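Containing compact mmCIF, C-alpha atoms: entry-v4.txt.
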# COMPACT_ATOMS: atom_id res chain seq x y z
CA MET A 1 144.57 138.44 -9.28
CA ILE A 2 142.14 141.40 -9.36
CA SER A 3 139.82 140.88 -6.36
CA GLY A 4 136.93 143.41 -6.11
CA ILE A 5 133.63 143.39 -4.17
CA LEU A 6 131.72 141.74 -7.03
CA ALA A 7 128.37 143.51 -7.56
CA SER A 8 126.52 140.82 -9.54
CA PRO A 9 127.49 137.51 -11.30
CA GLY A 10 127.65 137.11 -15.10
CA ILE A 11 130.10 136.97 -18.05
CA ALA A 12 130.57 139.64 -20.77
CA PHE A 13 133.08 140.32 -23.59
CA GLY A 14 134.00 143.74 -25.07
CA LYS A 15 136.74 146.35 -25.68
CA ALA A 16 137.87 148.52 -22.74
CA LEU A 17 136.50 152.10 -22.87
CA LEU A 18 138.82 154.13 -20.58
CA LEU A 19 137.37 157.52 -19.56
CA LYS A 20 140.33 159.95 -19.55
CA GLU A 21 139.92 163.75 -19.13
CA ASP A 22 141.94 166.48 -20.87
CA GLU A 23 143.54 168.93 -18.42
CA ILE A 24 142.05 172.45 -18.69
CA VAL A 25 144.51 175.38 -18.96
CA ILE A 26 143.16 178.62 -17.45
CA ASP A 27 144.68 181.92 -18.65
CA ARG A 28 145.75 184.22 -15.78
CA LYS A 29 146.32 187.14 -18.19
CA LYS A 30 144.91 190.54 -17.14
CA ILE A 31 142.43 191.92 -19.72
CA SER A 32 141.65 195.56 -20.61
CA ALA A 33 138.36 197.45 -20.07
CA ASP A 34 137.91 196.92 -23.83
CA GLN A 35 137.86 193.12 -23.28
CA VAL A 36 135.91 193.19 -19.99
CA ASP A 37 132.59 194.06 -21.66
CA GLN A 38 133.21 191.16 -24.07
CA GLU A 39 133.87 188.72 -21.21
CA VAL A 40 130.49 189.55 -19.63
CA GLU A 41 128.69 188.57 -22.85
CA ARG A 42 130.86 185.46 -23.22
CA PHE A 43 130.14 184.74 -19.53
CA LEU A 44 126.47 185.79 -19.48
CA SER A 45 125.59 184.35 -22.90
CA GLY A 46 127.92 181.45 -22.09
CA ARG A 47 125.62 180.50 -19.20
CA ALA A 48 122.96 180.35 -21.93
CA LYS A 49 124.91 177.34 -23.21
CA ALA A 50 125.88 175.58 -19.96
CA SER A 51 122.26 176.18 -18.85
CA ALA A 52 121.04 174.30 -21.93
CA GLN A 53 123.61 171.51 -21.39
CA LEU A 54 123.05 170.72 -17.69
CA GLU A 55 119.32 171.16 -18.41
CA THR A 56 119.42 168.41 -21.05
CA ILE A 57 121.26 166.16 -18.57
CA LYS A 58 118.52 166.88 -16.00
CA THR A 59 115.81 165.21 -18.12
CA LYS A 60 118.11 162.28 -18.87
CA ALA A 61 118.25 161.76 -15.11
CA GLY A 62 114.44 161.68 -14.89
CA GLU A 63 113.91 159.67 -18.11
CA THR A 64 116.67 157.21 -17.13
CA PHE A 65 116.01 156.67 -13.38
CA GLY A 66 112.68 158.57 -12.99
CA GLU A 67 111.68 162.13 -12.00
CA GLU A 68 112.64 160.93 -8.49
CA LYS A 69 116.29 161.90 -9.20
CA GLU A 70 115.38 165.18 -10.99
CA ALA A 71 115.15 166.91 -7.58
CA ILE A 72 118.93 166.50 -7.15
CA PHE A 73 119.79 167.96 -10.57
CA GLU A 74 117.02 170.58 -10.27
CA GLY A 75 118.93 172.22 -7.41
CA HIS A 76 122.20 171.81 -9.35
CA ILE A 77 120.82 174.37 -11.84
CA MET A 78 119.58 176.87 -9.23
CA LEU A 79 123.14 176.99 -7.88
CA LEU A 80 124.58 177.48 -11.37
CA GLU A 81 121.99 180.13 -12.32
CA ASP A 82 122.17 181.58 -8.78
CA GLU A 83 121.66 185.32 -9.28
CA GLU A 84 123.89 185.93 -6.26
CA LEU A 85 126.88 183.86 -7.39
CA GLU A 86 126.63 185.73 -10.71
CA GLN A 87 126.99 189.22 -9.19
CA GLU A 88 130.11 188.04 -7.33
CA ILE A 89 131.73 186.56 -10.45
CA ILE A 90 130.95 189.69 -12.50
CA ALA A 91 132.52 192.05 -9.91
CA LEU A 92 135.80 190.10 -9.87
CA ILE A 93 135.96 190.11 -13.70
CA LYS A 94 135.40 193.91 -13.64
CA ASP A 95 137.18 194.78 -10.36
CA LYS A 96 140.26 192.47 -10.56
CA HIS A 97 140.38 192.38 -14.39
CA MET A 98 140.02 188.57 -14.15
CA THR A 99 138.98 186.34 -17.06
CA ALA A 100 135.50 184.77 -16.84
CA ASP A 101 137.51 181.53 -16.68
CA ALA A 102 139.77 182.72 -13.85
CA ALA A 103 137.16 184.62 -11.80
CA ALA A 104 134.61 181.78 -12.09
CA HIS A 105 137.37 179.46 -10.84
CA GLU A 106 137.77 181.62 -7.70
CA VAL A 107 134.17 181.26 -6.48
CA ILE A 108 134.19 177.53 -7.33
CA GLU A 109 137.41 177.31 -5.27
CA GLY A 110 135.64 178.38 -2.05
CA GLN A 111 132.42 176.45 -2.78
CA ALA A 112 134.13 173.05 -2.80
CA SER A 113 136.62 174.01 -0.07
CA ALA A 114 133.93 175.64 2.12
CA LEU A 115 131.75 172.51 1.77
CA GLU A 116 134.60 170.46 3.29
CA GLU A 117 134.41 172.72 6.37
CA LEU A 118 130.80 171.59 6.95
CA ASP A 119 130.12 168.83 9.51
CA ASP A 120 128.02 166.65 7.18
CA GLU A 121 129.28 163.73 5.05
CA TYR A 122 126.34 164.63 2.79
CA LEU A 123 127.09 168.26 1.86
CA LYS A 124 130.67 167.00 1.46
CA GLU A 125 129.76 164.58 -1.34
CA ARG A 126 127.98 167.59 -2.85
CA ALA A 127 131.44 169.16 -2.99
CA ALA A 128 132.40 166.56 -5.59
CA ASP A 129 129.10 167.07 -7.45
CA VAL A 130 129.73 170.85 -7.30
CA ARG A 131 133.28 170.72 -8.72
CA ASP A 132 131.72 168.79 -11.62
CA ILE A 133 129.24 171.65 -12.19
CA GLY A 134 132.11 174.16 -12.25
CA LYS A 135 134.45 172.11 -14.47
CA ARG A 136 131.59 171.76 -16.99
CA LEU A 137 130.87 175.51 -16.77
CA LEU A 138 134.53 176.13 -17.69
CA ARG A 139 134.64 173.86 -20.77
CA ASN A 140 131.53 175.83 -21.83
CA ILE A 141 133.25 179.24 -21.71
CA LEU A 142 136.25 177.96 -23.71
CA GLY A 143 133.92 175.79 -25.80
CA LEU A 144 136.41 173.00 -25.14
CA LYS A 145 135.52 169.59 -26.65
CA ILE A 146 133.45 167.38 -24.28
CA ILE A 147 133.16 163.57 -24.27
CA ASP A 148 129.75 162.37 -25.55
CA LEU A 149 129.13 159.23 -23.45
CA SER A 150 125.40 159.79 -24.09
CA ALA A 151 125.76 158.72 -27.75
CA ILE A 152 128.15 155.74 -28.01
CA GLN A 153 128.23 153.87 -31.38
CA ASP A 154 130.15 150.68 -30.44
CA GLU A 155 129.06 148.21 -27.74
CA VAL A 156 131.91 148.03 -25.19
CA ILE A 157 132.68 147.68 -21.47
CA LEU A 158 132.83 150.77 -19.20
CA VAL A 159 135.97 151.32 -17.08
CA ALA A 160 136.62 154.43 -14.98
CA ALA A 161 138.25 155.36 -11.67
CA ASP A 162 134.74 156.38 -10.58
CA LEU A 163 131.45 157.70 -12.07
CA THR A 164 129.46 160.66 -10.67
CA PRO A 165 125.61 160.75 -10.75
CA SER A 166 125.92 163.03 -13.81
CA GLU A 167 128.03 160.51 -15.75
CA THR A 168 125.56 157.81 -14.65
CA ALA A 169 122.59 160.09 -15.49
CA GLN A 170 123.85 160.64 -19.08
CA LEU A 171 125.29 157.14 -19.57
CA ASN A 172 123.26 155.34 -22.28
CA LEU A 173 122.31 151.86 -21.02
CA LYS A 174 121.22 151.01 -24.60
CA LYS A 175 124.64 149.91 -25.94
CA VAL A 176 126.55 149.29 -22.67
CA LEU A 177 127.66 145.74 -21.68
CA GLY A 178 128.83 146.22 -18.06
CA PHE A 179 130.46 148.68 -15.58
CA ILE A 180 133.89 148.41 -13.87
CA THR A 181 135.05 151.10 -11.39
CA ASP A 182 137.87 151.59 -8.85
CA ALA A 183 135.30 152.16 -6.03
CA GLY A 184 135.78 149.78 -3.06
CA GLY A 185 132.61 151.12 -1.37
CA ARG A 186 130.11 148.45 -0.29
CA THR A 187 127.70 151.33 -1.02
CA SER A 188 129.19 152.93 -4.15
CA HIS A 189 126.69 154.57 -6.54
CA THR A 190 128.04 152.26 -9.26
CA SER A 191 127.01 149.20 -7.23
CA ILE A 192 123.52 150.66 -6.62
CA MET A 193 123.11 150.73 -10.42
CA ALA A 194 124.66 147.33 -11.07
CA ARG A 195 122.47 146.11 -8.19
CA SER A 196 119.14 147.70 -9.22
CA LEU A 197 119.75 146.92 -12.92
CA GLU A 198 120.74 143.38 -11.88
CA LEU A 199 123.47 143.65 -14.55
CA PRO A 200 126.86 142.00 -13.65
CA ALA A 201 129.63 144.34 -12.44
CA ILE A 202 132.51 145.04 -10.03
CA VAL A 203 133.62 148.19 -8.12
CA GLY A 204 136.51 147.23 -5.80
CA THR A 205 138.85 146.86 -8.79
CA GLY A 206 141.09 149.36 -7.05
CA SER A 207 143.79 150.18 -9.66
CA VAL A 208 142.62 148.41 -12.84
CA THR A 209 142.69 151.83 -14.53
CA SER A 210 146.48 151.82 -13.94
CA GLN A 211 146.90 148.46 -15.73
CA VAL A 212 144.29 148.77 -18.53
CA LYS A 213 144.06 151.18 -21.49
CA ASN A 214 141.23 152.17 -23.84
CA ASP A 215 140.39 149.67 -26.63
CA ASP A 216 142.14 146.95 -24.62
CA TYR A 217 140.34 143.60 -25.04
CA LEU A 218 138.88 142.38 -21.72
CA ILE A 219 136.68 139.50 -20.55
CA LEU A 220 134.60 139.91 -17.38
CA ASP A 221 134.00 136.58 -15.56
CA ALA A 222 132.07 137.94 -12.53
CA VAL A 223 132.06 134.23 -11.49
CA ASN A 224 135.47 133.88 -9.79
CA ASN A 225 135.68 137.66 -9.31
CA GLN A 226 138.54 138.27 -11.78
CA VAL A 227 139.20 140.33 -14.94
CA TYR A 228 141.23 138.68 -17.75
CA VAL A 229 143.32 140.93 -20.04
CA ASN A 230 144.01 139.45 -23.50
CA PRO A 231 143.55 135.77 -22.53
CA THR A 232 144.53 132.79 -24.72
CA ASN A 233 141.99 131.43 -27.23
CA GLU A 234 142.06 128.31 -25.03
CA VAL A 235 140.40 130.10 -22.09
CA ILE A 236 137.96 132.04 -24.30
CA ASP A 237 136.71 128.96 -26.19
CA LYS A 238 136.38 127.13 -22.85
CA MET A 239 134.42 130.04 -21.31
CA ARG A 240 132.38 130.76 -24.47
CA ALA A 241 130.88 127.27 -24.03
CA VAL A 242 130.11 127.36 -20.29
CA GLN A 243 128.89 130.98 -20.36
CA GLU A 244 126.61 130.42 -23.37
CA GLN A 245 125.59 127.08 -21.83
CA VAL A 246 123.99 129.18 -19.07
CA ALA A 247 121.90 131.41 -21.35
CA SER A 248 120.86 128.17 -23.07
CA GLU A 249 119.74 126.62 -19.76

Render the structure in this file as structure tokens.
Amino acid sequence: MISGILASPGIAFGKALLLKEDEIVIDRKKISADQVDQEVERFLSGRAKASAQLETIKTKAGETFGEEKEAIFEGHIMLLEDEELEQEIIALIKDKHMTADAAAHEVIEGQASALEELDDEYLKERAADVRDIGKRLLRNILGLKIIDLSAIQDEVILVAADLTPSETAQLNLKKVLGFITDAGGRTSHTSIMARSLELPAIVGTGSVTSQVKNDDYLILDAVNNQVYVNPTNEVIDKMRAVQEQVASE
């Protein structure tokens, strides 16, 4: 069966919300000096947008967990608005005729890679949080569609290979029912939430994302540590009684 680490006990019912991501296609075409000036505005003014987006996520981190976590996202903006990283991006766009999408990808390529060369498991995890800041910056230049997990409209379960502080900082715990992630870390951020929020959850699912799909009907037991996919009405009716018999006790 599906054995995870079990974060907290409980039973919930809901449709599976799988978090997939659309692959981004960067154009490696060389532009002309007549399109370079336009890229700077699309890149400079673009930052005006990404700055407003990450900024809005910053307050959701302080209004959701408390200004105590705003210090982490506060630095995430200084790096994005870094006046130094901007002069380097600009040059490439003007010197190597690179697209704001391509050039910006170059600097972000050494930021994450260079962080792996550091001798600190901490700055390393920042590498993952940094790639997220770059990927978002890209979808902002192409104005690509973004998933709005901050405004769900249907109560469902949350399933994902893993969730980064940002996803957890914008997640709306107003219509959520539970969290399931492929993180087998006895100290995974997901668990810290499921643990502090006392809600029931699991994280060592491992590869449930390779056996489940979005909209799939699931039933979390968090009692025997097992996920049931499309069970018979005989097991549901039997669990609907016991489970609800608990809330009634």

Give me, as JSON lines, each residue of region 105-208 of chain A that comes within 8 Å of region 51-71 of chain A, together with its shortest interatomic pair and the distance in Å at one decimal, counting only C-alpha atoms, with rows ordered by chain and rising residue number.
{"residue": "A:166", "atom": "CA", "partner": "A:57", "partner_atom": "CA", "distance": 7.4}
{"residue": "A:169", "atom": "CA", "partner": "A:61", "partner_atom": "CA", "distance": 4.7}
{"residue": "A:170", "atom": "CA", "partner": "A:60", "partner_atom": "CA", "distance": 6.0}

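Within the 7 Å cut-off around region 132-141 of chain A, using only C-alpha atoms and omitting residues fewer than 5 positions from it on the same chain, the listed residues are residues 42, 43, 46, 49, 50, 101 and 108 of chain A.
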
Preceding selection exported with C-alpha atoms as a PDB file, keeping the file's coordinate frame:
ATOM      1  CA  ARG A  42     130.860 185.460 -23.220  1.00  0.00           C
ATOM      2  CA  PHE A  43     130.140 184.740 -19.530  1.00  0.00           C
ATOM      3  CA  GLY A  46     127.920 181.450 -22.090  1.00  0.00           C
ATOM      4  CA  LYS A  49     124.910 177.340 -23.210  1.00  0.00           C
ATOM      5  CA  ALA A  50     125.880 175.580 -19.960  1.00  0.00           C
ATOM      6  CA  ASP A 101     137.510 181.530 -16.680  1.00  0.00           C
ATOM      7  CA  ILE A 108     134.190 177.530  -7.330  1.00  0.00           C
TER       8      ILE A 108
END

Using 6 Å of padding on each side, determine the axis-aligned box around all atoms of region 209-217 of chain A present in the file and give its centre and edge lengths in Å to one decimal, as JSON.
{"center_x": 143.6, "center_y": 147.9, "center_z": -20.3, "size_x": 18.6, "size_y": 20.6, "size_z": 24.7}

Counting all atoms listed in the file, which residues of region 149-181 of chain A fall within 12 Å of region 115-131 of chain A, and what is the closest atom pair for each with its distance in Å at one decimal, ordered by chain and rising number, as CSV?
residue,atom,partner,partner_atom,distance
A:162,CA,A:128,CA,11.6
A:163,CA,A:129,CA,10.7
A:164,CA,A:129,CA,7.2
A:165,CA,A:129,CA,7.9
A:166,CA,A:129,CA,8.2
A:167,CA,A:129,CA,10.6

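Distances from A:31, A:4, A:160, A:9 to residue 223 (chain A) were compared using all atoms listed in the file, and the smallest one belongs to A:9.
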
### Query
Just how far from CA of residue 12 (chain A) is CA of residue 178 (chain A), in Å to one decimal?
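CA of residue 12 (chain A) lies at a distance of 7.3 Å from CA of residue 178 (chain A).
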
Taking 2 positions as the minimum chain separation for residues in the same chain, which residues sit within 10 Å of residue 212 (chain A) when counting all atoms listed in the file? Answer as a PDB file with C-alpha atoms, in the coordinates of the input.
ATOM      1  CA  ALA A  16     137.870 148.520 -22.740  1.00  0.00           C
ATOM      2  CA  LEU A  17     136.500 152.100 -22.870  1.00  0.00           C
ATOM      3  CA  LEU A  18     138.820 154.130 -20.580  1.00  0.00           C
ATOM      4  CA  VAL A 159     135.970 151.320 -17.080  1.00  0.00           C
ATOM      5  CA  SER A 207     143.790 150.180  -9.660  1.00  0.00           C
ATOM      6  CA  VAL A 208     142.620 148.410 -12.840  1.00  0.00           C
ATOM      7  CA  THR A 209     142.690 151.830 -14.530  1.00  0.00           C
ATOM      8  CA  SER A 210     146.480 151.820 -13.940  1.00  0.00           C
ATOM      9  CA  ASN A 214     141.230 152.170 -23.840  1.00  0.00           C
ATOM     10  CA  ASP A 215     140.390 149.670 -26.630  1.00  0.00           C
ATOM     11  CA  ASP A 216     142.140 146.950 -24.620  1.00  0.00           C
ATOM     12  CA  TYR A 217     140.340 143.600 -25.040  1.00  0.00           C
ATOM     13  CA  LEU A 218     138.880 142.380 -21.720  1.00  0.00           C
ATOM     14  CA  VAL A 229     143.320 140.930 -20.040  1.00  0.00           C
TER      15      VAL A 229
END

### Summary
Atom pair CA of residue 225 (chain A) + CA of residue 152 (chain A), distance 27.1 Å

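Residues lying within 12 Å of residue 95 (chain A), counting only C-alpha atoms and ignoring same-chain neighbours fewer than 4 positions away, are residues 30, 31, 32, 33, 36, 87, 88, 89, 90, 91, 99 and 103 of chain A.
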
### Message
For a test of reading the model, state the distance in Å between CA of residue 234 (chain A) and CA of residue 182 (chain A), rounded to one decimal.
### Response
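Those two atoms sit 28.7 Å apart.
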
If you count only C-alpha atoms, which residues fall within 8 Å of residue 180 (chain A), apart from same-chain ones fewer than 4 positions away, as a PDB file with C-alpha atoms, in the frame of the given file?
ATOM      1  CA  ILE A 157     132.680 147.680 -21.470  1.00  0.00           C
ATOM      2  CA  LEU A 158     132.830 150.770 -19.200  1.00  0.00           C
ATOM      3  CA  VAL A 159     135.970 151.320 -17.080  1.00  0.00           C
ATOM      4  CA  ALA A 160     136.620 154.430 -14.980  1.00  0.00           C
ATOM      5  CA  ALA A 201     129.630 144.340 -12.440  1.00  0.00           C
ATOM      6  CA  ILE A 202     132.510 145.040 -10.030  1.00  0.00           C
ATOM      7  CA  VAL A 203     133.620 148.190  -8.120  1.00  0.00           C
ATOM      8  CA  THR A 205     138.850 146.860  -8.790  1.00  0.00           C
TER       9      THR A 205
END

### Query
Out of A:142, A:6, A:114, A:77, which residue has the shortest atom-to-atom distance to residue 39 (chain A) when counting only C-alpha atoms?
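Between A:142, A:6, A:114, A:77, the residue approaching residue 39 (chain A) most closely is A:142.
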
### Task
Write out as a list in words the residues lying within 10 Å of region 236-248 of chain A, counting only C-alpha atoms and excluding same-chain residues fewer than 6 positions away.
residues 10, 11, 12, 13, 219, 221, 223, 228 and 230 of chain A

### Message
Measuring between all atoms listed in the file, which one of A:45, A:156, A:149, A:84 shows the shortest distance to residue 15 (chain A)?
### Response
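Looking only at the distances to residue 15 (chain A), the closest residue turns out to be A:156.
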